[PDB]
**Student:** 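To start, I am sharing the structure in question, which I have written as structure tokens.
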Amino acid sequence: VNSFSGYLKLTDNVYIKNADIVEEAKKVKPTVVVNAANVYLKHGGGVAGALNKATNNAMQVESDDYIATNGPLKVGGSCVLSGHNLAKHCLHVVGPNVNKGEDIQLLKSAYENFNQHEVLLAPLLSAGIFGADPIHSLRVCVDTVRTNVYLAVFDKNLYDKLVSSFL
Ligand SMILES: OC[C@@H]1CC2(CCOCC2)CN1c1ncnc2[nH]ccc12
């Protein structure tokens with residue numbers, strides 16, 4: 001039993017809700033919140049911009065030190081950093097950005113990072129400003145993630161469309 005509330009159950013391990021991931025994180029304080037990161041950890045917009053703003057830029061400060069030491073992530077890769085005031089940890093995961101010409105097959109590799117954590121709050125990788133089809137993102141998620149994932153879907157029309165089209 002966990003403290004996630006109001007989610008629709010899609011499969012044995014995948015749950016979904018229309019929610020602002022920032023407000024969800026602030027309520028639940030999950031062990032892991034997933035960020036829709038880029039390889040440079042520059043949290044300018046989308047989910048990443050929102051989560052960073054909610055940390056008063058502390059996420060960006062920590063991220064800049066991470067990059068200075070380790071260099072950029074790989075597309076499809078991840079790193080674990082602090083969750084600041086939002087969660088215990090933040091798993092920064094880089095899904096392919098279609099608006100950069102990045103390979104969509106890497107989306108499965110991106111979701112594989114979730115399997116290293118028993119429970120996560122997360123957005124749909126590569127959706128929104130990353131330019132991929134959110135219906136496809138949800139499908140790859142369901143077919144790749146085996147741990148317990150609670151998906152927060154921002155757009156209402158996106159959420160109802162995601163539920164009504166789910167196979
Ligand atoms: O789940 C991925 C979605 C996709 C998105 C861009 C395209 O469609 C509109 C929404 C932004 N994402 C978010 N999801 C949950 N919480 C969020 N907070 C701020 C953004 C955000």
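When a ligand or atom number is given, it counts from 1 through the structure's own listing order. The figures here come from the full heavy-atom set of this structure, side chains too, leaving out hydrogens, waters and symmetry mates. Sequence positions, counted from 1, serve as the residue numbers for this chain.
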**Student:** Can a donor-acceptor pair be found, under 3.5 Å and without considering hydrogens, that links the side chain of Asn18 to the backbone of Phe154?
**Tutor:**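 The answer is yes, because a donor-acceptor pair under 3.5 Å joins these two groups.
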**Student:** For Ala50, counting its heavy atoms only, list the atoms of ligand 1 lying under 4.0 Å from any of them.
**Tutor:**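 Under 4.0 Å from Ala50, ligand 1 has these atoms: 19 (C).
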**Student:** Looking just at side-chain N and O atoms, do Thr144 and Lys108 make a donor-acceptor pair shorter than 3.5 Å?
**Tutor:**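 A pair is found: one side chain offers a donor N or O, the other an acceptor, under 3.5 Å apart.
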**Student:** Please confirm whether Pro123 comes within less than 3.5 Å of ligand 1 when only nitrogen or oxygen atoms on both sides are compared.
**Tutor:**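 Between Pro123 and ligand 1 (N or O atoms, distance only) the closest approach is not under 3.5 Å.
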**Student:** Does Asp20 reach ligand 1, in the sense of a heavy atom lying below 4.0 Å from it?
**Tutor:**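 Yes, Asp20 has heavy atoms under 4.0 Å from ligand 1.
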**Student:** How close does the nearest protein non-hydrogen atom get to atom 17 (C) of ligand 1, and which residue and atom is it?
**Tutor:**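 Closest protein heavy atom to atom 17 (C) of ligand 1: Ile21 CG2, 3.3 Å.
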**Student:** Looking at atom 20 (C) of ligand 1, what's its closest protein heavy atom, distance included?
**Tutor:**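 The closest one turns out to be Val47 CG2, 3.4 Å.
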**Student:** Quick one: look up the protein heavy atom nearest atom 15 (C) of ligand 1 and list residue, atom name and how far away it is.
**Tutor:**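 Going by distance alone, atom 15 (C) of ligand 1 is nearest to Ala152 O, 3.4 Å.
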**Student:** Which ligand 1 atoms are under 4.0 Å away from a heavy-atom of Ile129?
**Tutor:**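 In order of number, 6 (C).
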**Student:** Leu124 versus ligand 1: do any nitrogen or oxygen atoms come within less than 3.5 Å of each other?
**Tutor:**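 N/O-N/O distance under 3.5 Å: yes.
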**Student:** Give the residue, atom name and distance (to 0.1 Å) of the protein heavy atom nearest atom 6 (C) of ligand 1.
**Tutor:**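 So the nearest neighbour among protein heavy atoms is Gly128 CA, 2.4 Å.
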**Student:** Examine the side chains of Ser63 and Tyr40 and answer whether a donor and an acceptor come within less than 3.5 Å of each other.
**Tutor:**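 Side-chain D/A pair, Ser63 to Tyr40: absent.
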**Student:** Please report which non-hydrogen protein atom sits nearest to atom 9 (C) of ligand 1, along with the residue it belongs to and the distance in Å to one decimal place.
**Tutor:**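 Ranked first by proximity to atom 9 (C) of ligand 1 is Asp155 CB, 4.1 Å.
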**Student:** With no hydrogens and no angle check, is any side-chain donor or acceptor of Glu24 less than 3.5 Å from a backbone partner on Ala152?
**Tutor:**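 Checking the backbone N and O of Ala152 against the side chain of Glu24, no donor-acceptor pair under 3.5 Å is found.
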**Student:** Kindly say whether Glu102 contributes a backbone atom to a donor-acceptor pair with the side chain of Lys100 at under 3.5 angstrom?
**Tutor:**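 The answer is no, because no donor-acceptor pair under 3.5 Å joins these two groups.
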**Student:** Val32 and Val47: same hydrophobic cluster, using ILVMFWY side-chain contacts below 4.5 Å?
**Tutor:**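 Different clusters: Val32 never reaches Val47 through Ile, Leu, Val, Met, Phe, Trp or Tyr contacts under 4.5 Å.
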**Student:** Examine the proximity of ligand 1 to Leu151 and report which part, side chain or backbone, both or neither, has a heavy atom under 4.0 Å away.
**Tutor:**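 Within the 4.0 Å criterion, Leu151 makes no contact with ligand 1.
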**Student:** Under 3.5 Å, is there a donor-acceptor pair between the side chain of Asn113 and the main chain of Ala110?
**Tutor:**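 Judged by distance alone, yes, a pair lies under 3.5 Å.
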**Student:** For atom 3 (C) of ligand 1, what's the nearest protein heavy-atom neighbour? Residue, atom name and distance, please.
**Tutor:**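 Here the closest protein heavy atom is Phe154 CB, 4.2 Å.
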**Student:** Less than 6.0 Å separating the ring centroids of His92 and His43?
**Tutor:**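 Distance test on ring centres: under 6.0 Å, yes.
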